[PDB]
There are 2 protein chains.
Amino acid sequence: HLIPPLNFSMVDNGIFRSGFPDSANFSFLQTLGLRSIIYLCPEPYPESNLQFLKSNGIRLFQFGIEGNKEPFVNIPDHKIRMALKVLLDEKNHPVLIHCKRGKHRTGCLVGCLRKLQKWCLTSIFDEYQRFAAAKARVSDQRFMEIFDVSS
Amino acid sequence: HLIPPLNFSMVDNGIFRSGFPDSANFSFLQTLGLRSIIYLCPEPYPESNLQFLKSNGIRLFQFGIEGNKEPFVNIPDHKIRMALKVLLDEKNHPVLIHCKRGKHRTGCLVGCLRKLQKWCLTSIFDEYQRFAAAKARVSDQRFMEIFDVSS
């Protein structure tokens, strides 16, 4: 039996999203035929994970984004854009976007992707909320409402 | 601006799921390049919806499933299997699976798809819940735990 990583989901044709994966997720992850992974956390990639990467020849892009709690949050506009770039490159697909719980950081990146795709904030936020659930934060969505989509 | 249908989401490569679409959803639905739609409600398809179908040459498969409330629920094993058949035929993709709110009926079908794909119930249920949310019902998931995936 396969076990998709935490909060796993297919964003678009060659894009995927989820929380931090572990051993239990490799077999499934092996199914996607991932060509690269966009890691959004500053912590170093664990050993087992890295092994899986080499074994499977998956490029690892990492744009470390400090993870804070609602009271005072702050998303790096640059790092998101940097990730948005890689994501937008067809060459990099299949891509798996992931952070810690695959809710806020991952949720912001995918949110800006949607904005680019011309989705209304209403629809964009809704998708965002579907994953963050009880932990869905206003800050992230505000960051999206203000994202200057001008490529 | 585009407005994906209610609870829209991409299930797998050529499969999609959502609630009952309306005018505000067509523009977006036009993007998907849908070849067919798996409708799971017994109610007749509204006029505007039908117009869009023909205009877009989308084949409508309908497997009406009575929609009841938790106290006493009952999913037609037959109708789900039939829909699962259509779903499994690559010829039909891109497919949009949808019912009323895109939670239970749509959720079950996608649920059994995952079972086929060898996902563990734990993961399968989690996805199901992600969409039903506060309206997530045990009945449905039970129907999944007991689905005979023997093709």
# chains A, B, ... in the order shown; residues from 1 in each chain; ligands from 1

$ residues_around --residues "residue 98 (chain A)" --least-positions-apart "3" --cutoff "6 Å" --atoms "only C-alpha atoms" --output "ChimeraX atom specification"
/A:17-19,39,102,106

$ select_by_dssp --residues "region 10-93 of chain B" --states "helix (DSSP H, G or I)" --output "PyMOL selection string"
chain B and resi 23-32+47-55+70-72+77-88+90-92

$ atom_distance --atom1 "CA of residue 49 (chain B)" --atom2 "CA of residue 22 (chain B)"
6.7 Å

$ interface_residues --of "chain A" --to "chain B" --cutoff "9 Å" --atoms "only C-alpha atoms" --output "number ranges by chain"
A: 1-14, 28, 117-120, 122-124, 126-127, 130-131, 133

$ write_last_selection --atoms "N, CA and C atoms" --output "PDB file, in the first residue's frame"
ATOM      1  N   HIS A   1       0.820  -1.242   0.000  1.00  0.00           N
ATOM      2  CA  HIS A   1       0.000   0.000   0.000  1.00  0.00           C
ATOM      3  C   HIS A   1       0.839   1.271   0.000  1.00  0.00           C
ATOM      4  N   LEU A   2       0.381   2.253  -0.772  1.00  0.00           N
ATOM      5  CA  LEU A   2       1.050   3.535  -0.910  1.00  0.00           C
ATOM      6  C   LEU A   2       0.547   4.545   0.126  1.00  0.00           C
ATOM      7  N   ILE A   3       1.397   5.504   0.475  1.00  0.00           N
ATOM      8  CA  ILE A   3       1.042   6.506   1.470  1.00  0.00           C
ATOM      9  C   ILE A   3       1.510   7.893   1.057  1.00  0.00           C
ATOM     10  N   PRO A   4       0.676   8.622   0.306  1.00  0.00           N
ATOM     11  CA  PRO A   4       1.062   9.973  -0.124  1.00  0.00           C
ATOM     12  C   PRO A   4       1.584  10.790   1.069  1.00  0.00           C
ATOM     13  N   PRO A   5       2.505  11.736   0.831  1.00  0.00           N
ATOM     14  CA  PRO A   5       3.025  12.545   1.939  1.00  0.00           C
ATOM     15  C   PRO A   5       1.941  13.438   2.534  1.00  0.00           C
ATOM     16  N   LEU A   6       2.203  13.947   3.726  1.00  0.00           N
ATOM     17  CA  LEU A   6       1.254  14.790   4.440  1.00  0.00           C
ATOM     18  C   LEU A   6       0.619  15.875   3.583  1.00  0.00           C
ATOM     19  N   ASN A   7      -0.705  15.977   3.638  1.00  0.00           N
ATOM     20  CA  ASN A   7      -1.431  16.986   2.858  1.00  0.00           C
ATOM     21  C   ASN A   7      -1.108  16.970   1.372  1.00  0.00           C
ATOM     22  N   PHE A   8      -0.830  15.792   0.825  1.00  0.00           N
ATOM     23  CA  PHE A   8      -0.492  15.676  -0.587  1.00  0.00           C
ATOM     24  C   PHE A   8      -1.652  16.040  -1.509  1.00  0.00           C
ATOM     25  N   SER A   9      -1.328  16.632  -2.651  1.00  0.00           N
ATOM     26  CA  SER A   9      -2.340  17.021  -3.619  1.00  0.00           C
ATOM     27  C   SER A   9      -1.692  17.401  -4.940  1.00  0.00           C
ATOM     28  N   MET A  10      -2.431  17.248  -6.036  1.00  0.00           N
ATOM     29  CA  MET A  10      -1.905  17.609  -7.348  1.00  0.00           C
ATOM     30  C   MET A  10      -2.394  19.017  -7.712  1.00  0.00           C
ATOM     31  N   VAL A  11      -1.460  19.961  -7.765  1.00  0.00           N
ATOM     32  CA  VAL A  11      -1.754  21.348  -8.086  1.00  0.00           C
ATOM     33  C   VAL A  11      -2.184  21.550  -9.524  1.00  0.00           C
ATOM     34  N   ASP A  12      -1.334  21.148 -10.454  1.00  0.00           N
ATOM     35  CA  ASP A  12      -1.652  21.282 -11.862  1.00  0.00           C
ATOM     36  C   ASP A  12      -1.002  20.110 -12.581  1.00  0.00           C
ATOM     37  N   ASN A  13      -1.086  20.081 -13.901  1.00  0.00           N
ATOM     38  CA  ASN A  13      -0.524  18.977 -14.651  1.00  0.00           C
ATOM     39  C   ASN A  13       0.774  18.367 -14.166  1.00  0.00           C
ATOM     40  N   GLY A  14       1.829  19.156 -14.031  1.00  0.00           N
ATOM     41  CA  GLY A  14       3.082  18.549 -13.588  1.00  0.00           C
ATOM     42  C   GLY A  14       3.549  18.940 -12.201  1.00  0.00           C
ATOM     43  N   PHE A  28       5.275   5.869  -2.632  1.00  0.00           N
ATOM     44  CA  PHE A  28       4.283   6.646  -3.361  1.00  0.00           C
ATOM     45  C   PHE A  28       4.994   7.701  -4.194  1.00  0.00           C
ATOM     46  N   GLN A 117      -2.336  32.341 -12.902  1.00  0.00           N
ATOM     47  CA  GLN A 117      -3.268  31.626 -13.745  1.00  0.00           C
ATOM     48  C   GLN A 117      -4.615  32.337 -13.857  1.00  0.00           C
ATOM     49  N   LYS A 118      -4.690  33.553 -13.326  1.00  0.00           N
ATOM     50  CA  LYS A 118      -5.908  34.355 -13.403  1.00  0.00           C
ATOM     51  C   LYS A 118      -7.128  33.816 -12.651  1.00  0.00           C
ATOM     52  N   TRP A 119      -6.922  33.331 -11.438  1.00  0.00           N
ATOM     53  CA  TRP A 119      -8.026  32.832 -10.635  1.00  0.00           C
ATOM     54  C   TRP A 119      -8.450  34.010  -9.778  1.00  0.00           C
ATOM     55  N   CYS A 120      -9.725  34.118  -9.425  1.00  0.00           N
ATOM     56  CA  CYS A 120     -10.125  35.233  -8.565  1.00  0.00           C
ATOM     57  C   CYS A 120      -9.687  34.922  -7.123  1.00  0.00           C
ATOM     58  N   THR A 122     -11.087  35.045  -4.458  1.00  0.00           N
ATOM     59  CA  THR A 122     -12.110  34.257  -3.799  1.00  0.00           C
ATOM     60  C   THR A 122     -11.794  32.780  -3.999  1.00  0.00           C
ATOM     61  N   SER A 123     -11.616  32.396  -5.257  1.00  0.00           N
ATOM     62  CA  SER A 123     -11.290  31.019  -5.582  1.00  0.00           C
ATOM     63  C   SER A 123      -9.896  30.663  -5.084  1.00  0.00           C
ATOM     64  N   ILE A 124      -8.952  31.585  -5.238  1.00  0.00           N
ATOM     65  CA  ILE A 124      -7.592  31.344  -4.778  1.00  0.00           C
ATOM     66  C   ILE A 124      -7.556  31.085  -3.278  1.00  0.00           C
ATOM     67  N   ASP A 126      -9.979  30.201  -1.281  1.00  0.00           N
ATOM     68  CA  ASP A 126     -10.697  28.980  -0.953  1.00  0.00           C
ATOM     69  C   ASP A 126      -9.810  27.757  -1.037  1.00  0.00           C
ATOM     70  N   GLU A 127      -9.044  27.653  -2.108  1.00  0.00           N
ATOM     71  CA  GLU A 127      -8.147  26.520  -2.259  1.00  0.00           C
ATOM     72  C   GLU A 127      -7.130  26.542  -1.141  1.00  0.00           C
ATOM     73  N   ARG A 130      -8.597  25.322   2.030  1.00  0.00           N
ATOM     74  CA  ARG A 130      -8.872  23.886   2.016  1.00  0.00           C
ATOM     75  C   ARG A 130      -7.755  23.067   2.638  1.00  0.00           C
ATOM     76  N   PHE A 131      -6.526  23.559   2.541  1.00  0.00           N
ATOM     77  CA  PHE A 131      -5.380  22.843   3.085  1.00  0.00           C
ATOM     78  C   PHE A 131      -4.930  23.288   4.474  1.00  0.00           C
ATOM     79  N   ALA A 133      -6.828  24.691   6.694  1.00  0.00           N
ATOM     80  CA  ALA A 133      -7.908  24.342   7.595  1.00  0.00           C
ATOM     81  C   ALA A 133      -7.930  25.278   8.800  1.00  0.00           C
TER      82      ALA A 133
END

$ select_by_dssp --residues "region 12-82 of chain A" --states "strand (DSSP E or B)" --output "list in words"
residues 12, 15, 16, 17, 18, 36, 37, 38, 39, 59, 60, 61 and 62 of chain A

$ write_last_selection --atoms "C-alpha atoms" --output "compact mmCIF listing (two decimals), in the first residue's frame"
# COMPACT_ATOMS: atom_id res chain seq x y z
CA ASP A 12 -1.65 21.28 -11.86
CA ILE A 15 2.97 20.13 -10.14
CA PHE A 16 2.38 18.58 -6.72
CA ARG A 17 2.19 19.88 -3.16
CA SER A 18 2.48 18.35 0.31
CA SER A 36 12.69 18.02 -9.01
CA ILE A 37 11.52 19.22 -5.58
CA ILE A 38 10.94 22.78 -4.38
CA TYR A 39 11.71 22.73 -0.65
CA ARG A 59 16.89 18.06 -8.28
CA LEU A 60 16.38 19.80 -4.96
CA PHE A 61 15.69 23.52 -5.04
CA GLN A 62 15.50 25.11 -1.62

$ atom_distance --atom1 "CA of residue 105 (chain A)" --atom2 "CA of residue 89 (chain A)"
19.6 Å

$ residues_around --residues "residue 71 (chain A)" --least-positions-apart "3" --cutoff "12 Å" --atoms "only C-alpha atoms" --output "list in words"
residues 68, 74, 137, 138 and 139 of chain A

$ residues_around --residues "residue 51 (chain B)" --least-positions-apart "6" --cutoff "12 Å" --atoms "only C-alpha atoms" --output "PyMOL selection string"
chain B and resi 22-23+26+45+57-58+60

$ write_last_selection --atoms "N, CA, C and O atoms" --output "PDB file, in the first residue's frame"
ATOM      1  N   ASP B  22     -21.743  26.254 -12.545  1.00  0.00           N
ATOM      2  CA  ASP B  22     -22.723  27.189 -13.059  1.00  0.00           C
ATOM      3  C   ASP B  22     -22.013  28.145 -14.018  1.00  0.00           C
ATOM      4  O   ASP B  22     -20.791  28.079 -14.177  1.00  0.00           O
ATOM      5  N   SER B  23     -22.789  29.013 -14.665  1.00  0.00           N
ATOM      6  CA  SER B  23     -22.269  29.983 -15.622  1.00  0.00           C
ATOM      7  C   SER B  23     -20.889  30.530 -15.247  1.00  0.00           C
ATOM      8  O   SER B  23     -19.943  30.489 -16.048  1.00  0.00           O
ATOM      9  N   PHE B  26     -18.050  28.137 -16.265  1.00  0.00           N
ATOM     10  CA  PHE B  26     -17.741  27.755 -17.639  1.00  0.00           C
ATOM     11  C   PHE B  26     -16.384  28.252 -18.137  1.00  0.00           C
ATOM     12  O   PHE B  26     -15.525  27.440 -18.489  1.00  0.00           O
ATOM     13  N   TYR B  45     -29.986  17.706 -15.766  1.00  0.00           N
ATOM     14  CA  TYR B  45     -29.006  18.770 -15.951  1.00  0.00           C
ATOM     15  C   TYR B  45     -29.710  20.067 -16.360  1.00  0.00           C
ATOM     16  O   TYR B  45     -30.536  20.080 -17.275  1.00  0.00           O
ATOM     17  N   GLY B  57     -18.820  20.152 -26.825  1.00  0.00           N
ATOM     18  CA  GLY B  57     -18.649  18.752 -27.161  1.00  0.00           C
ATOM     19  C   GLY B  57     -18.127  17.938 -25.991  1.00  0.00           C
ATOM     20  O   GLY B  57     -17.075  17.305 -26.076  1.00  0.00           O
ATOM     21  N   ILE B  58     -18.859  17.951 -24.888  1.00  0.00           N
ATOM     22  CA  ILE B  58     -18.448  17.191 -23.720  1.00  0.00           C
ATOM     23  C   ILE B  58     -19.470  16.092 -23.496  1.00  0.00           C
ATOM     24  O   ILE B  58     -20.663  16.369 -23.439  1.00  0.00           O
ATOM     25  N   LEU B  60     -21.624  13.633 -21.477  1.00  0.00           N
ATOM     26  CA  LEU B  60     -22.181  13.555 -20.143  1.00  0.00           C
ATOM     27  C   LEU B  60     -22.545  12.128 -19.770  1.00  0.00           C
ATOM     28  O   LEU B  60     -23.371  11.511 -20.423  1.00  0.00           O
TER      29      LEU B  60
END

$ closest_residue --among "A:34, A:24, A:103, A:63" --to "residue 134 (chain A)" --atoms "only C-alpha atoms"
A:103

$ closest_residue --among "A:129, A:35, A:140, A:46" --to "residue 72 (chain A)" --atoms "only C-alpha atoms"
A:140
